[PDB]
Amino acid sequence: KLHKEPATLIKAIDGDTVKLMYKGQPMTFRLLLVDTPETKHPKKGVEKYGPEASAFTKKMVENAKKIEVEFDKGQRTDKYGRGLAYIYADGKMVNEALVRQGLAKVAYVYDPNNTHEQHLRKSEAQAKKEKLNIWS
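Numbers in the numbering used here are just positions in the sequence shown, counted from 1, shifted up by 38.
What follows is the structure, encoded as structure tokens:
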């Protein structure tokens with residue numbers, strides 16, 4: 039089973055990336071299973087809804103009383119050294135919240151980190167049915 043662990047917000051970086059203090063070590067976390075429009079995209083830079091996605095993630099984590107990270111069953115860090123996890127703010131998953139608001143798309147996945155793929159898929163479907171942001 040997966041389990042939530044405490045972490046401390048250091049700095050929100052992008053809609054899909056936040057820096058946290060985890061087990062006394064500062065580290066960058068990439069939100070599992072979601073693709074948000076980027077402000078800091080390597081090529082081209084800022085996309086439509088990039089600033090909106092970043093502000094949403096930032097607002098959600100900064101106003102949170104408790105931040106928790108939930109690693110999945112596969113690899114816990116990507117090739118860039120970023121922790122791969124589901125991030126919770128006062129019990130609500132940031133990953134799902136972004137998708138539900140149509141501020142992120144469920145990323146393509148096939149590796150073992152897919153425990154919440156179905157849950158996210160359902161919220162994404164709802165967001166496109168309601169024609170929210172990205173889905174307009």
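We put the beta carbon where it would ideally sit given N, CA and C, even for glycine.
Distance, residue j Cα to residue i Cα
i      : j      : result
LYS82  : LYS103 : 35 Å
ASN151 : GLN113 : 7 Å
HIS79  : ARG68  : 14 Å
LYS61  : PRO44  : 8 Å
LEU58  : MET98  : 14 Å
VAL84  : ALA127 : 26 Å
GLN139 : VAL107 : 21 Å
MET65  : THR46  : 10 Å
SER174 : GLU168 : 9 Å
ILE105 : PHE94  : 15 Å
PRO75  : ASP110 : 23 Å
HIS157 : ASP73  : 15 Å
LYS166 : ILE51  : 26 Å
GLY129 : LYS49  : 19 Å
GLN63  : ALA135 : 26 Å
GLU155 : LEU141 : 16 Å
Per DSSP, the bridge partner or partners of residue i
i      : result
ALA127 : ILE105, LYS130
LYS143 : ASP73
Buried or exposed (CB count within 10 angstroms, at least 16 for buried), residue i
i          : result
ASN133     : buried
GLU100     : exposed
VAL137     : buried
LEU70      : buried
residue 13 : Only positions 39 to 174 of the chain appear in this structure, which leaves residue 13 out of reach.
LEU40      : exposed
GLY53      : buried
Going along the chain, which unbroken runs of the alpha helix (DSSP H) with 4 or more residues stay wholly within the region 43-125? 88-100
Whether or not the region 84-97 and the region 155-170 are in contact is what I'm after, with contact meaning three or more pairs of Cβ atoms, one per stretch, closer than 8 Å; do they touch? no
Three or more C-beta pairs below 8 Å linking the region 121-129 and the region 140-148: no
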